[PDB]
Amino acid sequence: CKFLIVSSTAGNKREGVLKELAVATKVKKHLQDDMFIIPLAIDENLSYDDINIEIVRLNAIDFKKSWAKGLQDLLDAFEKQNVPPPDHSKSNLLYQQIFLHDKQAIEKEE
Amino acid sequence: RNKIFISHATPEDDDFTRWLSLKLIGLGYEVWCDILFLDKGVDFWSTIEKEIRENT
Amino acid sequence: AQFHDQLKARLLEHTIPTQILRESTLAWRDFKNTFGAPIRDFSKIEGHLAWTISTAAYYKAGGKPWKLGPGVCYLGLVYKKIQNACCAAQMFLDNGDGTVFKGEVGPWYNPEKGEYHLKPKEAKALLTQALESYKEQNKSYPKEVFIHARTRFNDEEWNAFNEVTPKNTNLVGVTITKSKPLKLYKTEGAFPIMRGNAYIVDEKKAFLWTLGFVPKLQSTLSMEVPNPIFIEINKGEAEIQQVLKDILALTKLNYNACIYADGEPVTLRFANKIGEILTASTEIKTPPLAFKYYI
Amino acid sequence: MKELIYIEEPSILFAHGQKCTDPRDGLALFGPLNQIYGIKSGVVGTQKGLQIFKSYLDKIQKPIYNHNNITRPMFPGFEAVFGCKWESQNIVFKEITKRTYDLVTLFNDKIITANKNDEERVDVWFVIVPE
DNA sequence: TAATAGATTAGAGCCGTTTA
Ligand SMILES: [Mg+2]
């Protein structure tokens, strides 16, 4: 439904993110909706200049200061764009599946 | 064509424009402000043109 | 030397949360050793620093950062040398599952210079204060009173405790000792023993590694080699596994910082802090008793 | 060869009823239990101390990264973690321009007069002590 | 009163910031 692209200094010129952004703009053109791709600018050193052409045309969300204000911008933009019962238990059970698999107490005699 | 457009300096003058827009919507008039109604992740200049010369 | 504690003691009369911040902490870059790196090298911990103080602020602004997961009143008491002054810190679970983590204050004065044991009258007063605090919070008397300290409980104070207590209330006394020289290493890996392991010595005594390697952090709560804390059930009847689990839970209440866990019970640490603050200045009737005025 | 039992690490609860192990990850994932609306910061100190606290608060609003992030998790930001405003532009400042006793009484009197006389409410006073 | 130990107890200080 939406494509948030991180717009840090490293994340705006790397090859993989560039190709993902390119196919994102292609599917945006296919979907004929301008409310698809959202840049999240987080990096103090990276100004609104020097940013990639493929995202320079679009309106970024200011995550440079107070990441939570950018989070609120993301939330009310999603509500304004009809982006489709919130349950934090899903994230609670998902946090240790991926982020804690090399970091756990596995049974082994020591 | 039924819309009101308010242009302003973005970094400095926001409180006045926000208050003016809020009062205008309270009065029933439809308004468009870049710090209130300009969507995120959208070509801002193209939408400003559309609002200015299409519905204003 | 006694600047912070006496500031807080003088501020105890009029209830105002306060946080003391040394200028060398907030901006450690500009203060230097005059011949190289700054005096307080906080580069590796700056974000962690920005964590801890934030929680401290959020703790002293009336916010509850986290709860714990009934009918058990933990009472950790610590002795202060001046005459001796015993000051305690209590916690339990409210009927709404809220973590009541107030104190047990109004320090009790044992006149002996080195007897870290409360007199029968002072022990009775401390215990009954804890029981009525529990009564007014949970509407009922506690089912079990897990009373712990860094000192062994002598016979006369134990008798005072069990005569001031009411019926159907089992209280067990626990002794926590730090710096006990049992340096258990790990033969295979280069990282010390993982945190949470317990070596049982007796049905009443054991060594618990409340600090050490944390699998979740891929590192250690303690530099060098961890020092297990000795947990002994000197008084009362309780299961040592249950006591170890409860004390591991109590090692999660460190609201004075934001750290995965601390090596000693937070009840004892906070009782020590409030006792030092109380002994810093003159006697004050009915101290505030909530830790936001001390930590 | 004595057997070492294991006590499962206790889980601390957070907002919405979710429990986590590390206070940092739990705070940055679900947030604190109760919500306060913000911190009315009070500063008691010299002008340089106020400037230092101002700068550090402004840095606190934005994320700060540890040198090693896997062991000690980073700070997403106070507004990101706790969800209550602690901006630096809402500070009640009190400037200061037996020796320990008098140094203590200076800040004590400042806090007493600012909490008694001043109309601005301070959730918690931060004694920014020089060095 | 002094001393010689062990067991506990308590303070204070002091540096590093948890091996990737
Ligand atoms: Mg503290």
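Residues numbered from 1 in each chain as written, not as in the entry; some residues may be left out. Chains lettered and ligands numbered in written order. Part of a larger assembly, values for the part shown. Heavy atoms only, no water.

Per the deposited record, cryo-EM is how this structure was determined, to a resolution of 2.92 Å.

At the interface, 68 residues of chain D touch 69 residues of chain C. Taken together, the two surfaces of chain D and chain C that pack against each other cover about 6,100 Å², and 68% of this comes from carbon and sulfur. Linking chain D with chain C are seven salt bridges. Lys216(C) serves as the salt-bridge partner of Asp22(D), at 3.9 Å between the closest nitrogen and oxygen. Joining chain D to chain C, the criterion identifies 28 residue pairs in polar contact. (Contact = heavy atoms within 4.5 Å. Buried area = accessible area lost by both parts, 1.4 Å probe. Salt bridge = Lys/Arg side-chain N within 4 Å of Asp/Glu carboxyl O. Polar contact = N/O pair within 3.5 Å; in protein donor to acceptor, adjacent residues only side chain to side chain.)

On to the protein's contact with DNA strand E. Taken together, 26 residues surround DNA strand E, and among them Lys80(C), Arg152(C), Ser219(C), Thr220(C) and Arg72(D) come closest. Those atoms of DNA strand E that come within 4 Å of the protein belong to sugar or phosphate at a rate of 55%. One nitrogen or oxygen atom from the main chain of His67(D) is found 3.4 Å from a base nitrogen belonging to DNA strand E. Of all the secondary structure elements, the ones that give two or more residues to the surface near DNA strand E are β3 (72–81) and β12 (219–220) of chain C. Top element by residues in the surface near DNA strand E is β3(C). It accounts for three residues. Looking at the surface near DNA strand E, its residues break down into 11 nonpolar, eight polar and seven charged. (Near = heavy atom within 4 Å. Helix = DSSP H or I, 4+ residues; strand = E, 2+ residues; numbered from the N terminus. Nonpolar A, V, L, I, M, F, W, Y, C, P; charged D, E, K, R; others polar.)

Our next topic: the sheet that holds strand β2 (residues 67–68) of chain C. The pairing of strands in a sheet comes from backbone hydrogen bonds and takes either a parallel or an antiparallel form. Strand order in the open sheet formed by three strands is β2(C)-β2(D)-β3(D), and the pairing between neighbours is antiparallel. Looking at which strands have only one partner, the edges of the open sheet turn out to be β2 of chain C together with β3 (19–20) of chain D. (Pairing = 2+ DSSP bridges.)

Tallied over the full model, the rule gives 26 salt bridges over all chains. Two residues, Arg24(D) and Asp22(D), come together in a salt bridge whose shortest N-O distance is 2.5 Å. The exposure classification of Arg24(D) matches that of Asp22(D), with both residues buried. Through salt bridges that share partners, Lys216(C), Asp22(D), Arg24(D) and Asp25(D) make up one connected network. (Buried < 20%, exposed > 50% of the residue type's maximum accessible area, 1.4 Å probe, protein only.)

Between the first and last C-alpha of helix α2 (residues 47–61) of chain D there are 21 Å, a value that for 15 residues agrees with the 21 Å anticipated at 1.5 Å per step. Buried residues of α2(D): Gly49(D), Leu50(D), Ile52(D), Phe53(D), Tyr56(D), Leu57(D), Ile60(D) and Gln61(D), and no others. (Expected span 1.5 Å × (residues − 1).)

Once that is clear, we can look at the coordination of the magnesium ion. The reference angle at a metal is 109.5 degrees if four donors form a tetrahedron and 90 or 180 degrees if six donors form an octahedron. For the magnesium ion, the protein coordination sphere consists of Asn256(C) (OD1) and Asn256(C) (ND2), at 2.1 to 2.5 Å. Following the sequence through the fold, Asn256(C) ends up in the loop between α6 (240–250) and α7 (266–280). (Donors = N, O, S within 2.8 Å, 3.2 Å for Na, K, Ca; no water.)

Ranking the four pairs of chains in contact by contact count places chains C and D at the top. Across all C-alpha pairs, the smallest distance from chain B to chain D is 16 Å, and the two are not in contact.

Tracing the chain through its elements places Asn59(A) in the loop between α2 (53–56) and β3 (61–62). At 3.1 Å, the side chain of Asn59(A) forms a polar contact with the backbone oxygen of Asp39(B). Setting aside chain neighbours within four positions, we find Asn59(A) in contact with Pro39(A), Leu38(B), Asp39(B), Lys40(B), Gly41(B) and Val42(B).

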